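Undergrad: Position 69 of the sequence shown, counted from 1, bears residue number 110 in PDB author numbering, the numbering being contiguous throughout.
The beta carbon of each residue, even a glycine, is placed where N, CA and C say it ideally should be.
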Amino acid sequence: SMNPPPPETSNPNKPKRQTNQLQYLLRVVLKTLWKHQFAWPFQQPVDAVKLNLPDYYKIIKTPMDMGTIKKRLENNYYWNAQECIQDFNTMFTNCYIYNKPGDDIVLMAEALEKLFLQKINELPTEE
Ligand SMILES: CNC(=O)c1cc(C(=O)NC2CC2)cn(Cc2ccccc2)c1=O
């Protein structure tokens, strides 16, 4: 069994910004989801070897996880809030694509996604 390389968190070719919206995505949105009792399956790339999911990266071609998002936010990888919001939505969508409805992992993704939506509902206007 083999895991792919993780999504990149570093790319000096990619233009970067520190916006008040991206500051909110780290300080409020990522912080809120990270501390949740159901965060742990999403805090790092899916380990398809240790979890015995040999088909995971046959089905999920755009992997994303909060470990990667945390590194991207801390290392100012993003140009805008939409890039980071897309990463969160990719993470939730991957969970629903791969897993069965009502599986524990899907209930955990649903709980985190509800909090995500409550926090980005109050994403501040750009300064
Ligand atoms: C993003 N994570 C996953 O998609 C994932 C998939 C499966 C899994 O076995 N999925 C098969 C398709 C049912 C198992 N775990 C561990 C786990 C963690 C928490 C509760 C139950 C299981 C995961 O984290």
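(1) What runs of the alpha helix (DSSP H), each 4 residues or longer, lie entirely inside the segment 55 to 107?
(2) Between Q62 and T109, what straight-line distance do the alpha-carbon atoms span, to the nearest angstrom?
(3) Identify whether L164 lies in helix, strand or coil by the three-state DSSP scheme.
(4) Which same chain residues end up closer than 8 Å to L153 when comparing Cβ atoms and leaving out the 5 residues on each side of it in sequence?
(5) Is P142 close to ligand 1? I mean its beta-carbon at under 7 Å from any heavy atom of the ligand.
(6) Where does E151 sit, in a helix, a strand or coil, going by DSSP?
(7) Compute the distance between the beta-carbons of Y118 and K72, then report whether it is under 8 Å.
(8) With distances taken Cα to Cα, identify the nearest neighbour of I138 among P45, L114, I100, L92.
(9) For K57, which residues of its own chain have a beta-carbon under 8 Å away from its beta-carbon, when the five flanking residues on both sides are left out?
(10) Return the CA-CA distance between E168 and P86, expressed in angstroms with no decimal places.
(11) Looking only at C-alpha atoms, which of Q159, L156, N44, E151 sits nearest to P95?
TA: In brief:
(1) For the segment 55 to 107, whole alpha helix (DSSP H) runs of length 4 or above, ordered along the chain, are 61 to 65, 72 to 75, 97 to 100.
(2) Stepping through the sequence shown from its first residue, residue 62 is reached at position 21. Stepping through the sequence shown from its first residue, residue 109 is reached at position 68. If I take the Cα positions, the gap works out to 18 Å.
(3) Residue numbering aside, residue 164 sits at position 123 when the sequence shown is read from its first letter. In the three-state reduction of the DSSP assignment, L164 falls in the coil class, being assigned neither a helical nor a strand state.
(4) Translated into the one-based positions of the sequence shown, residue 153 becomes position 112. If we look at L153 and ignore the five residues flanking it on each side, its Cβ neighbours are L74, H77, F79, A80, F83, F133.
(5) Within the sequence shown, numbered from 1, the residue matching residue 142 stands at position 101. Incorrect: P142 has no Cβ contact closer than 7 Å to ligand 1.
(6) To locate residue 151, count along the sequence shown from 1; it is residue 110. Helix.
(7) Indexing the sequence shown from 1 puts residue 118 at position 77. Indexing the sequence shown from 1 puts residue 72 at position 31. In this structure, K72 does not lie closer than 8 Å to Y118 by Cβ.
(8) Here residue 138 corresponds to residue number 97 of the sequence shown, with the count starting at 1. Comparing Cα positions, the closest option is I100.
(9) The residue given as residue 57 occupies position 16 in the sequence shown. Closer than 8 Å at the Cβ level, and outside the excluded window around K57, lie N117, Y118, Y119, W120.
(10) By one-based count along the sequence shown, residue 168 stands at place 127. By one-based count along the sequence shown, residue 86 stands at place 45. For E168 and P86, the distance between alpha carbons rounds to 33 Å.
(11) Position 54 of the sequence shown, counted from the first residue, corresponds to residue 95. For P95, the nearest C-alpha among the options comes from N44.
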